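Reading the structure
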Amino acid sequence: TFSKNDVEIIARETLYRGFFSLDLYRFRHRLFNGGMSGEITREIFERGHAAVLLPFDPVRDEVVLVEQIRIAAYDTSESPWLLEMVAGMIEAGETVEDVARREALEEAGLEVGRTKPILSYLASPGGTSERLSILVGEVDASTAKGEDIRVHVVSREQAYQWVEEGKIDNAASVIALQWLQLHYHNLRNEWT
Amino acid sequence: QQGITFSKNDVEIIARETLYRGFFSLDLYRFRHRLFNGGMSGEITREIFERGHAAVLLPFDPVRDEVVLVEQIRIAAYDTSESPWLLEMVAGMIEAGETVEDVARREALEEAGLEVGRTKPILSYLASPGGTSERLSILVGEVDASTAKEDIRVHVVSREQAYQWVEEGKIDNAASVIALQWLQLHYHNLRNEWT
Ligand SMILES: Nc1ncnc2c1ncn2[C@H]1C[C@H](O)[C@@H](COP(=O)(O)OP(=O)(O)OP(=O)(O)O)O1
Ligand SMILES: Nc1ncnc2c1ncn2[C@H]1C[C@H](O)[C@@H](COP(=O)(O)OP(=O)(O)OP(=O)(O)O)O1
Ligand SMILES: [Mg+2]
Ligand SMILES: [Mg+2]
């Protein structure tokens, strides 16, 4: 419906600057019934953007997971140690593919063969700008060995069962493994 | 395999510090945790964006095989999206003492004018646990899509179209991606159960 010409970003006021940033967006935007809004302000968490890799072995039908503590999970989770996808922050001028492949090697010792885009998503766009771009990457699960990080090699079915049971419940891994559950048959044919 | 190794007993949160307090907060977590090789970590600090937690409702009409989406501006999408107006699930913050289902039904009525019949849990996920504590708990809710009526516009589309838009990237916020991928995996049984 509406485009960026229908929004006026008046200011971005730094509320906090540390490792991450918190900015106050001051803006006006067009209304569905006509006209422009008044001035609106929103606190937005700015932490850059990330690349995500689902390491999938199409020959063996196995996924490689990585385990590490995420203290932000503490208050609402059984444990702050999460089972996650390979992922890393994207710095200026870097590509999703470069970051994804680099992180797979350094976080899991995985050489990546072919890749395909899965999806790129906004983690929580009401309060943060963060975008994460997911690839699926062809890996040899027998070469996975491995910031304190532990590598897990599991069947695809087990990984998806853990999504269903809530044992895997971070957005990137849920999105990637749900996508795999929807596409693994065609993906295994294509990569075999 | 076994799964995760350590539990909350294996981490020591030494202190928390509010670095910024406004509508939301930025807190500094200070903690120590055991290492996979057996030893103890050093003292660690992390900036964590604290904004409470949310309830999400996927409004699904099993008779018509349609979903109801809500469109509204999310300014934070501006920098990485062609448009900051997003197609989203019904959603609202959970305040103390409220249940997910209570918020979900209330938000469904006031964001989309929808009375909700039966509900089922989909999933509860951490939006981005490296830097924010936020958890969002998703339910699917039985609605009559023909009755579907913050500046918010209500959209009614078939499940296949909505899932196509996930694949095309036109729906690309986590809550809606997770819910609609789940729907694509479960709609057959859900339609049987609710018919
Ligand atoms: N929430 C946070 N608040 C403050 N600093 C953080 C936060 N999360 C991570 N950091 C810092 C700590 C680390 O020095 C740096 C990157 O951490 P980490 O992800 O463990 O490194 P890495 O290079 O092994 O992995 P990757 O590149 O995949 O992110 O970011
Ligand atoms: N990032 C933000 N910074 C400051 N205020 C905000 C922010 N996001 C939302 N608000 C305020 C504006 C609204 O008056 C109030 C709730 O907004 P709205 O999105 O319509 O409701 P909601 O129940 O869906 O909340 P939420 O999006 O937090 O889940 O929160
Ligand atoms: Mg990582
Ligand atoms: Mg609302």
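Residues numbered from 1 in each chain as written, not as in the entry; some residues may be left out. Chains lettered and ligands numbered in written order. Heavy atoms only, no water. Residues with missing side-chain atoms left out of burial classes, pairs and counts.

As deposited, the entry is annotated with X-ray crystallography as its determination method and 1.90 Å as its resolution.

**Structural notes on the UniProt feature "short sequence motif: Nudix box" (unreviewed entry) in chain B**
Condition: UniProt positions are given in the numbering used here, feature names are shortened, and annotations may be inferred rather than shown by experiment. Only DSSP runs of H or I covering at least 4 residues are called helices, and only runs of E covering at least 2 are called strands; the numbering of each starts at the N terminus.
Under the UniProt annotation, the feature "short sequence motif: Nudix box" (unreviewed entry) is placed at residues 92-114 of chain B. Note that residues 92-114 of chain B is 57% helix and 13% strand, and that its end C-alpha atoms are spaced 15 Å apart.

**Thoughts on the UniProt feature "short sequence motif: Nudix box" (unreviewed entry) in chain A**
What UniProt calls "short sequence motif: Nudix box" (unreviewed entry) maps, in this numbering, to residues 88-110 of chain A. Helix makes up 57% of residues 88-110 of chain A and strand 13%, with an end-to-end C-alpha separation of 15 Å.

**Observations regarding the site of ligand 1**
Stated precisely, the cut-off is as follows: Note on terminology: near, applied to a residue and a molecule or strand, indicates that one of the residue's heavy atoms is within 4 Å of it. Here a polar contact is recorded for every N or O atom pair within 3.5 Å, except that within protein the pair must consist of a potential hydrogen donor and a potential acceptor, and residues adjacent in sequence are included only if both atoms are side-chain atoms. Using a 1.4 Å probe, the Shrake-Rupley method yields the accessible areas, and only the shown protein chains count as cover for residues.
The full set of residues close to ligand 1 is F19, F20, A87, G88, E103, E107 and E147 of chain A together with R46, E47, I48, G130 and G131 of chain B. In this structure, an oxygen atom belonging to ligand 1 sits 2.6 Å away from a side-chain N or O atom of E107 of chain A. One of the backbone nitrogen or oxygen atoms of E47 of chain B is found 2.7 Å away from a nitrogen atom of ligand 1. Protein contact buries 66% of the 620 Å² of open area that ligand 1 shows by itself. Counting residues per element, the ones that place at least two in the shell around ligand 1 are β7 (86-90) and α1 (96-108) of chain A together with β3 (44-50) of chain B. Residue contributions to the shell around ligand 1 peak at three residues, all from β3 of chain B.

**Focus on the packing of helix α2 (residues 159-168) of chain B against helix α3 (residues 174-194) of chain B**
Residues and elements named next belong to chain B. Operational definition: Whenever a helix is involved, its axis is fitted only over the stretch in contact; in every case the axis is a line through C-alpha atoms, and angles between N-to-C directions fall within 0 to 180 degrees. Every angle not falling under 35 degrees, over 145, or within 65 to 115 is termed oblique; those three ranges are roughly parallel, roughly antiparallel and roughly perpendicular. By convention, the crossing between two helices is left-handed when the near helix turns anticlockwise from the far helix through less than a right angle, and right-handed when the turn is clockwise. Any pair of residues with heavy atoms lying within 4.5 Å of one another is described as a contacting pair. Nonpolar residues are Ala, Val, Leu, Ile, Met, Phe, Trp, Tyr, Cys and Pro. Charged residues are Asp, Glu, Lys and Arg, and all others, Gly as well, are polar.
The N-to-C vectors of α2 and α3 enclose an angle of 130°; their axes lie 10 Å apart at closest approach. As the angle between them shows, α2 and α3 are arranged oblique. α2 and α3 meet at a crossing whose hand is left-handed. Contact residues: α2 offers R159, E160, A162, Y163 and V166, while α3 offers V177, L180, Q181, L183, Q184 and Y187. Looking at side-chain class alone, the contact of α2 with α3 contains seven nonpolar, two polar and two charged residues.

**Re the sheet that holds strand β2 (residues 25-33) of chain B**
Residues and elements named next belong to chain B. Using the following cut-off: Pairing between two strands is assigned when DSSP locates at least 2 bridges connecting them.
Read from one edge of the open sheet, three strands run β1-β2-β3, paired in antiparallel fashion. Edge positions in the sheet fall to β1 (11-21) and β3, since each has one partner strand and no second. Here the average twist between neighbouring strands, direction ignored, is 25°. Relative to β2, β1 runs antiparallel, the two sharing nine bridges. Paired with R21 across the bridge in β2 is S25.

**Considerations on the coordination of the magnesium ion (ligand 3)**
Residue and element names in this part refer to chain A. Condition: Donors, by definition, are the N, O and S atoms found within 2.8 Å of a metal, the threshold being 3.2 Å for Na, K and Ca, and water is not counted, so a site can look incomplete. Here the term buried applies to any residue with accessible area under 20% of the maximum for its type, exposed to any over 50%, and partly exposed to those in between, with areas from a 1.4 Å probe on protein chains only.
The magnesium ion (ligand 3) binds to the protein through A87 (O) and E107 (OE), with metal-donor distances spanning 2.4 to 2.6 Å. Of this pair, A87 sits in strand β7 while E107 sits in helix α1; the two residues are 20 residues apart in sequence, bridging distant segments of the chain. Residue classification places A87 among the partly exposed positions, given a relative accessible area of 27%.

**Quick notes on the packing of aromatic side chains**
Definition in use: Any pair of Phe, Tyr and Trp rings, taking the six-membered ring for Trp, is counted once the centres come within 6.5 Å. Such a pair is stacked with planes under 30 degrees apart, edge-to-face with planes over 60 apart, and tilted for the rest. A positively charged side chain is recorded as over a ring if its NZ (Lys) or CZ (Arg) lies within 6 Å of the ring centre. The angle to the ring normal must also be within 35 degrees.
Scanning the model with the defined rule gives nine aromatic pairs over all chains in all. Geometrically, the ring pair formed by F45 of chain A and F49 of chain B is stacked, given 4.9 Å between the ring centres and 15° between the ring planes. Of the two residues, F45 of chain A sits in strand β3 (residues 40-46) while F49 of chain B sits in strand β3, which places them in two different chains. For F45 of chain A, a relative accessible area of 2% gives the class buried. These aromatic residues form a ring-pair network of at least three members: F19, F20 and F45 of chain A together with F23, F24 and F49 of chain B. Seen from the ring of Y184 of chain A, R156 of chain A lies directly overhead, with NZ or CZ sitting 3.4 Å from the centre. Sitting above the plane of the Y74 of chain A ring, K8 of chain B keeps its charged end 4.5 Å from the centroid.

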